[PDB]
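A.B. asks: So I've got this experimental structure, pasted below with the sequence.
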Amino acid sequence: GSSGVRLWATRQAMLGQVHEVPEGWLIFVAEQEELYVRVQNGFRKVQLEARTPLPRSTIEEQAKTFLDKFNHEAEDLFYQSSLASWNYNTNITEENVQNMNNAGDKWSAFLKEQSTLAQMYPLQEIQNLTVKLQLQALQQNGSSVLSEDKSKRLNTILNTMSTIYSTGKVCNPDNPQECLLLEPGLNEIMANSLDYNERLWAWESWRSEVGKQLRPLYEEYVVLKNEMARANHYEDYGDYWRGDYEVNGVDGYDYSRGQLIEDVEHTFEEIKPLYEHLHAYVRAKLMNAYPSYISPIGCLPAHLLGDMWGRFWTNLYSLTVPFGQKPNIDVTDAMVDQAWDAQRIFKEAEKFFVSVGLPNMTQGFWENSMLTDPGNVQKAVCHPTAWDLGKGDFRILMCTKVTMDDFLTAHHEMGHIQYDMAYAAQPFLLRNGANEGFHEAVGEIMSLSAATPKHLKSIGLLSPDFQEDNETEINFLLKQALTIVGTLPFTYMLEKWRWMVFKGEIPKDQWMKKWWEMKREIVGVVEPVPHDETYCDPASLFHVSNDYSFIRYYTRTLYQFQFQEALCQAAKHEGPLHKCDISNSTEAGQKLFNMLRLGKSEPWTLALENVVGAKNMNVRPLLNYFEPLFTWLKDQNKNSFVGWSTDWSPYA
Amino acid sequence: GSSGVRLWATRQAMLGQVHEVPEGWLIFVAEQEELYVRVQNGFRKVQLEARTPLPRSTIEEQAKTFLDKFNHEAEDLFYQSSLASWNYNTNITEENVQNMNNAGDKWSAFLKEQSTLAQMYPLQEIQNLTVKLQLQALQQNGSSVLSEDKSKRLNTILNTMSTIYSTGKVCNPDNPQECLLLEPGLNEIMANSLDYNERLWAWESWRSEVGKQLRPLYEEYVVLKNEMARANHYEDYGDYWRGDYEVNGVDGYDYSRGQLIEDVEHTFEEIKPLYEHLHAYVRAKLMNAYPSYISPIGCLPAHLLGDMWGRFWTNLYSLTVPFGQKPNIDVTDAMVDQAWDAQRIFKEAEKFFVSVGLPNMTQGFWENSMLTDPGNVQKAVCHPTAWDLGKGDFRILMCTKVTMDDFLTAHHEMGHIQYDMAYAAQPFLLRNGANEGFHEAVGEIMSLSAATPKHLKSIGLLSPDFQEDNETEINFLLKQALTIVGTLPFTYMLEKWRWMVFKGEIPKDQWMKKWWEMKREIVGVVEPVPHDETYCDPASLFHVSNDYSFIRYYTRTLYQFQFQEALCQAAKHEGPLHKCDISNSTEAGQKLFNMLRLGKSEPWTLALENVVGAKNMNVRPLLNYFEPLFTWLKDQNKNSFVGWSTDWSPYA
Amino acid sequence: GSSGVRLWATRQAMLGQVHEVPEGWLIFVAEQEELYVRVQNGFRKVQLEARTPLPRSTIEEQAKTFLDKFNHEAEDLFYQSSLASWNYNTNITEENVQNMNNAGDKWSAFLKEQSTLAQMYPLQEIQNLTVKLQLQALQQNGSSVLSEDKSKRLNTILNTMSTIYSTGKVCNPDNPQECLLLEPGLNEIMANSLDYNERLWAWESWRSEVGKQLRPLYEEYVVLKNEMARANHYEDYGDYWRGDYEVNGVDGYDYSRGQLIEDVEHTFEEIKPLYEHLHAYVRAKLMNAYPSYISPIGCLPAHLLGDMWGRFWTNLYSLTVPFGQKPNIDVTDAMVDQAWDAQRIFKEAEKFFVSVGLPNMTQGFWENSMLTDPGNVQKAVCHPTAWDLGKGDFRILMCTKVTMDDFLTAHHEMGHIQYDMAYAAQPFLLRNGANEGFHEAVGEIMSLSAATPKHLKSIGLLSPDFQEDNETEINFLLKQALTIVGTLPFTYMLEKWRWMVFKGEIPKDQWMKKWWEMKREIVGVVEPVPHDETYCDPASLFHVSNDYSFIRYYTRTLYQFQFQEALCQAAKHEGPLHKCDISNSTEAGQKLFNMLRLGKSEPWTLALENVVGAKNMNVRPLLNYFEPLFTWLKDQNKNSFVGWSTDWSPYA
């Protein structure tokens, strides 16, 4: 049968009424706070533990209520800052500048108030993974952990380094009044002009007037960040940046900050045979252009890698082309013939996104964002940016033209937007990518998919009569290797160098003695002229001098290769990975959106495991993508020396 | 999520149907006497304690029937005994005396038989608190816990000192044939005559005469009082008295015997600053009367306190009046001018009770009680006493004359009788107050309200143009302090003295030395002639000789002040507490009657908490009542020593 | 007041909704499997034991199914086994001999297999007393708890002594070929011939041929009987037998094996004065018969008691009759006067058994059982046995003749089967007596009632004119004392002797000497010829050699006395207890049937309490039964010295 639970006022009433209480009927005493079970000819007291007072809101619940209230206020405040940011970037005016000051101060003050209001909430007793992740992402004091003077000094130094890099100007000895900046002056000169002396001077002059100036600033920046990290229970500032990839609280998915370093080391070792052959071929081709400036046995000059830091070897493609008479993959004729426009490019990207199974895109983007150049009466930023303004607002700000590149950037910005629309369901704190290499990877794979000849043929960009030969595939593989695989050692060595310089393993009087020697050995990049310790060459880059973790580029490339291979596997495509296309593949879009919606609500390991199939960052897709390149690279370097000599330098 | 509790005969159908049992459904098994909770994929055995036997034809019902039978027979027997007592009080004749002997013997024999017949009824298996308390009162064997000879000699000694106290006579040394009794000779001598010689001689001669013949008797009485208290599971006879205040088995209101001791001590310690100032002023007035008989730092003489044992300082109010030029408040002259008798005393008094919300009081009292001296045909005792005969019969014995003081006494007696009929619904055992300080407090609270000029003005006793300035307020407050507050230290020390005299910590050769040390240090009064252990001065009081608890008076004062303050708070009175009146406030009467009807069934702490809100003892209303007096005493004691010194004595 | 149980998926929802949970409503969460009770201002956690993995198949269910399956099949196998034994017992034939050989083999193998199956059903987790008790009987391995060789040799030694006792023959020295078996060649000559020499020679020869031969066999039998007793968790084989009387787990009726020894000793000690008077008078009559062979103070001869073991003094009733001239009570000649046979004896037995109120029994037993020897064509056994063949089949083996002795044994036999089918509702294992001293007691009590002169007169066995004087009552009482009370000391001591023989307290070189020492001090009987430890006189008993506990007879005597006293109390018998008759008393049969139906399921101590009113056994009925004889023995002991002497011997 079935029985209920009885309750009376006094124990005397319980005794007088327990006679008619059937067996199995629980008796609860409000006066005595006791529990009894009606047994045969009696009632047995049920043991009860210590009194537990009613919590109006547990400490976990108090954090939940605070986080919800903060997120609700953050959505409006961030949207106001985002729209003010949009207005400034559409038109740069004095009124536009001042509302950055107001929005920035208001957002920072609100963030500081909530972070202080969140710091008392303990993360140990909260078992809610989403709530704990929100609190730790909100409790990051950062520079505020130190004193006011120390925090202000660090911010002022950081602004100084950014200002020096941005306004770094070099004047030629022939005309001291004539001076040029790094961009677009030094970058274009060292990417197109083939003069060794001009490139060498610009490389040396910039690293002199920037390195010498930044050397005390970067050194004080390093120590201030290191001491801030110590105050934040971090071994160094590199450990602070690796904390984004750090995962805790999830069984089977925990990731430590040291695991990221060892995976980067392991992946670089895997790419080392492929990069060595790529470097050897690029080295060999430079003798074909300049036989009396570089030696095949030695390394390659930093300024002769197509840029100053050796970031991109794409500028060396004209100097390293295997078959210059073979035309590259370019469909610019289709643009002019059919009068293609930027709005049409985005419309085709949306249509392609519909084809791959992903849903449509909001019309508020079209009515609030510009694609072409917005006339000339106003100044607008033409840099490719995708905007997540919050509360459903998604925009893109760039002077998009009608070039294959722009068609890829449009796809890239759509890929950024798709991520922004995807984790939008997650709370404001969790309404972002799991790490800094996910949002860029989605845009990159979208650009890679949009650049495939099959996708162009499907939408008519590529002529149906176009043929696919070995030379075109080899040149495309080399071009991708220079652009992406070429920058992998650059990201690998720069982030590594920043790691032990923050760890304090590099003595001050030997800084450049390590970087320039390590550059020659691990990567085989050699400085054209010697630099003493007064130089600050590693900090001459934008990201390092602007408080940016450079491990994003290596992680995003590792993710983008894994995503592309996983999409190809889900799209049952037949053919080489470089020719693989995800067009008309609903499996690819659905699989991609499975991790896209997660954002940072789940650990990045779970997001990665969702598509490729594992939490590791193995470069197997990279080897498979460039296996025909690797065999061709081995064929080209079958007689050419492979590797690099640490001893050799251009000045020696 | 809703469920209940299931049951089954045995474990065979239990585990054959546990699969069909939904999760969260509690299960009781009669065969195994076990409890289980159906959890997700399992069941957890609920811990069960020993089975409590169900109520049956046990001692519970047998005692309840015995209690009902006892109450029925005690109602008639007590009615007959109280009828005989009133008749003897109305008419003192030889036939009335024989009635007392017969009624007293039968009542005592009946009580002891009920006590014996309830002795083998244990309370361990009885859970009814009302029955438990009633049967405990029945099981109050008393001195019969010892041998009969010990009880007989203790009663014989008690009657010896009580008779000696009544007949205690001192003779003038020059006139031996003329002797003055304590009642009313010595009392009147120290109440009216201010002569130091006469008061000292009467004080010394009485204590010597009483002490030299009662000291061995008091010692044996104390030893015997210790003997049957130890046999009654008490450390002394003090714990035997404190058992009435002790509360057990009631959650949130349990009281210990030592708790009242510490509460009384703490209340006196905070009272001490007010008492020291009052003692300072009375000492200052003693300098005004007899400059050479009181020291500025010394303690007051024992015989110069206005009464016999220094209890009440009302007789000193004439010599210690704050302003003797101000005439005292007295409506007796107006009352006699209005042709009002003792019948009008109770008639206007009954108007007061129906004014405060208390209902009409039965006409049986009016036809069964006298308000005047019944001439000289039948001798009547004029002592104030209220009688609850039973069966709805209620009487009050007092020679109520047409005076202001008898008006208060008439107010007190019917305050007793109104408490008597308040808990008439309670059984015979429960027909009593929770302690000995409640009935007197009830008769005191409304007496003070009646003595207030507002009540006299409302009933026409006082002229509407009566002036109430600060001088008459201070005089009234000081008179109240002398009559009530002045005796509070004496009540505390004497009860404390009698408490340790039962405990035996103070040796029999130090009873008088400790008594005078307490008198000097606590009371601030020093004897005019030193007394050795031959003197038995504490036993010279009526209460000590007749075995009467003295903590009842101090507790009653604390009770009456708390009761009055709550009544004033309930009546929404604004102004000084001494001017507070409860007339035309029906809420106060109804609220007061809520615990008056409760009787002694509930703990006295619960009753005190219900009245004001303080579960424990408090003296907060004392400060509110005498705040103008305390400020006046502090103002007037700036030029005089505050406190006392034990070193000084009138004899040294 | 009523309430229920509430559930929540997670504790977060529980905390939010705990405010809406009324007091008395239980809160359960499946995530933590935690139970809480809603209390005043909070929730109290309910203590829960370890979570079981839903064991829907308990051992209790499996054991109950196994027991029911076993009982159903065991009934058939035992039934056909009982048929074959009855066929052999009614017709001894070679084909019959192999019938029990096959039937016993199958039954034994079946029993050991079910015992083996019950071995994996431990009793700790079984809560049903009936299931636990039945499986305990099933799990009784007995001889198979040891190794096979120990069991095989124990059986072989058991067979050897059983054969030796059966074939125990002694030959006269003058006639080597003239030899007499113990039954009936030896027993007849000693019980009929009173010659001291012939009885002494037969006693000596029997103990020389059998005692010497069985001494090593008995010692080896005892050693092995101690071996599996400790393997069965018993300190000795005596404790193994005492385990049947042990009651465990029954609160208020638990019995221990040691308690049986203490109570048996206590009963014997208080019985001793009555036995000493009987032994003194029997000795006194022995000097009357043989003055030069028995001392007035010494113990009785072993061979001069009517039994070579000294069991029964019934053969001495003629030699020790209180009055040899008064005729004895016997109505056998009246049966042949009325032309009665064994059929009429049983028919009258049923009429008596239905006059006591118990229902008539079926006709199957009458047509399936013989009451007379089946001629001489087929050989049959005439020993008094009861056949509990099962399946509602009950039979009696008796060659009943038309005699009072056969009349009483016929009453004894039908009482046995009337006990058997009374508890037919019990399962096959529980279809047995509570102890070994109950089945014989049931047949004894009413057979004595049938033998009462009132019963004989009621149904016409004895003429109504028969006079009932004290002389016949004393003669009847003495015969009862010789047959029943006389065997009590021998029964108690021999079981006491065999108990410590298994225990090993008395060494092997003292057993028989301790027996004879106990025969003198306790039994009061002395051996006529001294022997050595080669003699094994206690092992000459049938029960010792055939592995039968001897405590059954002493317990049955006190059990039957208690049963008879309760029968007389229920029948409200007035006068001497030996003349009490239960005939024509329906209430007495109903009270007996209250435990007859109970069977062995309940503890025998509870059954004894239900009959009389005492949980423990007592000798009170013995005093009431033999009070006239006890006074007669006391009066006639003017020359009969109370007790005996250990020093005197027939040979010394």
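C.D. replies: Received the coordinates, thanks. Numbering: from 1, shown residues only, chains lettered A, B, ... in the order given.
A.B. asks: ok, then the element right after the helix or strand hosting residue A:264?
C.D. replies: Remark: residue A:264 resides in helix A:257-289, with elements defined by DSSP states H and E. Scanning forward in sequence from helix A:257-289 by DSSP H and E, the next helix or strand is strand A:300-301.
A.B. asks: Which other helices and strands does the helix or strand that that following strand is followed by contact?
C.D. replies: Read in the C-terminal direction, the helix or strand following strand A:300-301 is helix A:317-320, with elements assigned using DSSP H and E. If contacts are counted by 3 or more C-beta pairs under 8 Å, 6 or more residues apart in numbering or on different chains; DSSP states H and E, helix A:317-320 sits against helix A:257-289, helix A:470-480. Where C-beta positions appear, they are placed from N, C-alpha and C, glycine not excepted.
A.B. asks: Tabulate the ones you listed (TSV), appending distance to residue C:350.
C.D. replies: Below are the helices and strands packed on helix A:317-320 laid out as TSV (distance: least, C-beta to C-beta, whole Å):
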stretch	distance to residue C:350
helix A:257-289	96
helix A:470-480	114
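A.B. asks: quick one, strands of the stretch 451-600 of chain A?
C.D. replies: Listed in chain order, the strands of the stretch 451-600 of chain A (DSSP state E, counting those that start in this stretch) span residues A:525-526.
A.B. asks: can you check the stretch 301-450 of chain A too?
C.D. replies: In the stretch 301-450 of chain A, the strands defined using DSSP E, counting those that start in this stretch lie at A:385-390, A:393-397.
A.B. asks: Which among these is found nearest to chain C?
C.D. replies: In terms of C-beta to the nearest C-beta, the element of the strands of the stretch 301-450 of chain A nearest to chain C is strand A:385-390, at 27.3 Å.
A.B. asks: Show me what the closest one packs onto, helices and strands only.
C.D. replies: Here strand A:385-390 is seen to pack against helix A:59-90, strand A:393-397, helix A:404-422 when contacts are counted using 3+ C-beta pairs under 8 Å, 6+ apart.
A.B. asks: which of the ones you listed sits most buried?
C.D. replies: Of all the helices and strands packed on strand A:385-390, helix A:404-422 carries the top mean neighbour count, a mean of 24, counting by mean count of other C-beta atoms under 10 Å in any protein chain shown.
A.B. asks: what's it packed up against?
C.D. replies: Under the contact definition 3+ C-beta pairs under 8 Å, 6+ apart, helix A:404-422 sits against helix A:342-355, strand A:385-390, strand A:393-397, helix A:439-450, helix A:586-596.
A.B. asks: most tightly surrounded among the ones you listed?
C.D. replies: Scoring the helices and strands packed on helix A:404-422 by mean neighbour count under mean count of other C-beta under 10 Å gives helix A:439-450 as the most buried, with a mean of 25.
A.B. asks: Figure out which of the helices and strands packed on strand A:385-390 is closest to residue C:405.
C.D. replies: When the helices and strands packed on strand A:385-390 are compared for distance to residue C:405 using C-beta to C-beta, the nearest one is helix A:59-90, at 92.9 Å.
A.B. asks: So what angle separates the directions of the helix or strand following that closest one and helix A:59-90?
C.D. replies: Sequence order places helix A:94-119 as the next helix or strand after helix A:59-90, per DSSP H and E. With axes from the mean of the first three to the mean of the last three C-alpha atoms, to 10 degrees defining the directions, helix A:94-119 sits at 170 degrees from helix A:59-90.
A.B. asks: Test my guess that residue A:464 contacts residue A:457.
C.D. replies: Yes: taking contacts as C-beta atoms under 8 Å, residue A:464 lies within contact range of residue A:457: 6.4 Å.
A.B. asks: So which of the two has more stuff around it?
C.D. replies: residue A:457 (16 against 6; other C-beta atoms under 10 Å in any protein chain shown).
A.B. asks: ok, that one to residue A:578 distance?
C.D. replies: For residue A:457, the distance to residue A:578 under the criterion C-beta to C-beta, to the nearest Å works out to 15 Å.
A.B. asks: Right, I'll call it a day here.
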